[PDB]
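Below is one structure, written out as structure tokens; the observations come after it.
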Amino acid sequence: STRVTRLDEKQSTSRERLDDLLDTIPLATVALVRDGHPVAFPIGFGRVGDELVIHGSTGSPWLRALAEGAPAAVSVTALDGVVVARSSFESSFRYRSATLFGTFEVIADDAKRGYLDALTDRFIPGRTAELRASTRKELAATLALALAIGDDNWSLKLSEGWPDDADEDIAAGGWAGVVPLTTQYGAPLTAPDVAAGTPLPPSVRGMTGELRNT
Amino acid sequence: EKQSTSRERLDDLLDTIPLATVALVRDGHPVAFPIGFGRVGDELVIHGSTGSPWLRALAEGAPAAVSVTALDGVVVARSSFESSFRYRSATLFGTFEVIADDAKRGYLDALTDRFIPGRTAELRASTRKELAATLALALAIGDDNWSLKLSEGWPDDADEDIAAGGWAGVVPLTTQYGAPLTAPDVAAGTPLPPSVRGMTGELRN
Ligand SMILES: Cc1cc2nc3c(=O)[nH]c(=O)nc-3n(C[C@H](O)[C@H](O)[C@H](O)COP(=O)(O)OP(=O)(O)OC[C@H]3O[C@@H](n4cnc5c(N)ncnc54)[C@H](O)[C@@H]3O)c2cc1C
Ligand SMILES: Cc1cc2nc3c(=O)[nH]c(=O)nc-3n(C[C@H](O)[C@H](O)[C@H](O)COP(=O)(O)OP(=O)(O)OC[C@H]3O[C@@H](n4cnc5c(N)ncnc54)[C@H](O)[C@@H]3O)c2cc1C
Ligand code: HEM
Ligand code: HEM
Ligand code: NI
Ligand code: NI
């Protein structure tokens, strides 16, 4: 269920490392079953304490399926680089990946406002304090859902090593190494309907460097 | 509509992003794994250990859903309701076919050349033992069995919010190769190979 089979010295049980990954990557891929068939869809998520939270239209069939109790598996992955070995067999990727399992719970109408504010502040930190409150109609058009991050329902796999070359290939010489991969925020692009010379909000001024989820 | 039907655009995404997430069903319940993939013409190809339980399930006929996503930006609107991510995502459905022993060498070389272009012509051939330890699987990309969602919009704010002012826009995200890191057991002054020197700028088509 939660135990890695292959290269299981890459499995980590640190919850702290888990949070670090979940607070870095804003995209999750969610898998569920419909009529015996698998389905998978990407979606933004934020970790709000010990819950993974998503949201979307109350009219999405996918989100409705989860709201109705479809058991789910949630995958979150950071691709950190390419492992260039002296053979193709030992070539690889550096990455960090988490997989979480359970049933999403529907956030109650009374709680949606608070979870959505916290979700927004994952995606664009400090943004909630800059915006107007959501309207009752906006909230009624939104389904928010939360999956519990417990002790037993998650697995973390970490690969950040170097090529592991056969001694034969070493002897032959040749270059080996890692080409890193990073995901970075670009300079912001102002929308055409924004008044000329309007400043960047502080929250957006923060969206610089390598992509994070807090 | 944000659903695209262009096979050319699908290929463009599959030739950009090397990570897939594969969903399948074990015991009426869902499982999801990340894996590297390459597009080899009209097949999406993955590989790993003959001893991996989940690759074995695929090999055994388990129907799959394969998701490939590129995150392109943060859509920052005047309201949190209208804020979102710019992204491209494909989902492909079907059953992976096991690649035959006689065919694996060719497919794995093609796969290598997706992940590190030009690299196979630089390396020695894989050994029989290496091949034998490897399971390679291919999912057909047909006319029917996929969908492509492309959201590359600007924020669409209500009139009342535009009139109230405030900034809005898009903060792009890009994924870039960094400077190579030479492994500890390589001699100082061994030059970078041509394949590696070609790996600069964006994770790119
Ligand atoms: C960016 C990236 C690229 C990858 N490319 C490849 C590839 O090209 N070939 C390949 O074989 N593998 C690749 N993997 C790893 C792949 O996800 C599996 O770890 C691998 O196939 C071995 O799985 P298994 O047989 O051990 O899992 P199984 O024994 O079938 O699964 C048992 C349990 O292990 C845990 N687990 C397994 N893998 C992961 C994971 N990756 N993250 C979190 N939890 C996990 C889960 O809880 C799971 O239910 C890649 C991973 C990442 C992040
Ligand atoms: C980076 C990223 C972040 C996202 N964040 C959010 C979010 O925060 N909230 C939210 O509601 N949605 C988000 N989405 C979109 C999500 O994938 C769905 O499009 C959305 O939940 C509505 O799905 P649906 O119920 O209309 O599709 P359904 O009607 O349930 O599915 C029908 C079929 O349409 C096709 N399809 C649907 N979506 C996609 C896709 N994305 N890629 C390829 N094929 C597809 C599939 O074949 C699917 O089986 C995000 C997508 C990306 C890539
Ligand atoms: C050239 C680029 C290649 C890349 C980027 C690549 C990447 C990977 C990755 C990411 C893994 C998963 C390791 C893990 O679980 O953490 C893996 C496993 C594996 N790859 Fe590759 N690979 C490549 C080429 C090859 C080739 C050519 C073969 C065979 C000839 C091969 C055989 C295997 C095998 C057998 C495993 C299973 C590892 C194990 O569980 O012991 N790979 N590969
Ligand atoms: C603040 C950061 C937020 C981000 C990054 C975000 C992101 C997204 C994304 C990516 C989508 C998918 C659009 C698509 O289908 O292509 C979406 C849909 C949606 N979001 Fe958000 N969102 C945010 C805040 C909010 C809030 C606070 C609400 C409600 C109060 C809201 C309500 C919705 C609704 C209803 C949809 C479905 C749109 C539709 O299909 O009609 N969002 N969001
Ligand atoms: Ni609030
Ligand atoms: Ni060949």
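Every heavy atom of this structure was used, including side-chain atoms; hydrogens, water molecules and symmetry mates were not. Numbers restart at 1 for each chain; the letters A, B, ... are given by sequence-line order, proteins then strands.
Between B:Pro180 and A:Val178 the shortest side-chain heavy-atom distance does not fall below 4.5 Å.
Heavy-atom pairs under 4.5 Å with chain B were tallied for A:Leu7, A:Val76, A:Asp193; the largest tally goes to A:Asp193. The most heavy-atom pairs under 4.5 Å with chain B, out of A:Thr190, A:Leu131, A:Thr142, come from A:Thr190. Highest contact tally toward chain A, considering only B:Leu71, B:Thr91, B:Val76, is held by B:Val76 [criterion: heavy-atom pairs under 4.5 Å]. Chain A forms the most heavy-atom pairs under 4.5 Å with one residue out of B:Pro191, B:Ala183, B:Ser89, and that residue is B:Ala183. Of all the listed residues (B:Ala62, B:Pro184, B:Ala133), the one sharing the greatest number of non-hydrogen pairs under 4.5 Å with chain A is B:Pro184.
In the model, A:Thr29 has no side-chain atom that pairs as donor or acceptor with a side-chain atom of B:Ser67 under 3.5 Å. Side chains of B:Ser49 and A:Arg6: a donor-acceptor N/O pair is present below 3.5 angstrom, by distance only.
Residue A:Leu200 holds its CG atom at 6.0 Å from CH2 of B:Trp167, rounded to the nearest 0.5 Å. In this structure, A:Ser88 OG and B:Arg105 CZ are separated by 9.0 Å, a value rounded to the nearest 0.5 Å. Rounded to the nearest 0.5 Å, atoms NE2 (B:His29) and CG (A:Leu32) are 11.5 Å apart.
Proximity to chain A is limited to the side chain of B:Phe85, based on heavy atoms less than 4.5 angstrom apart.
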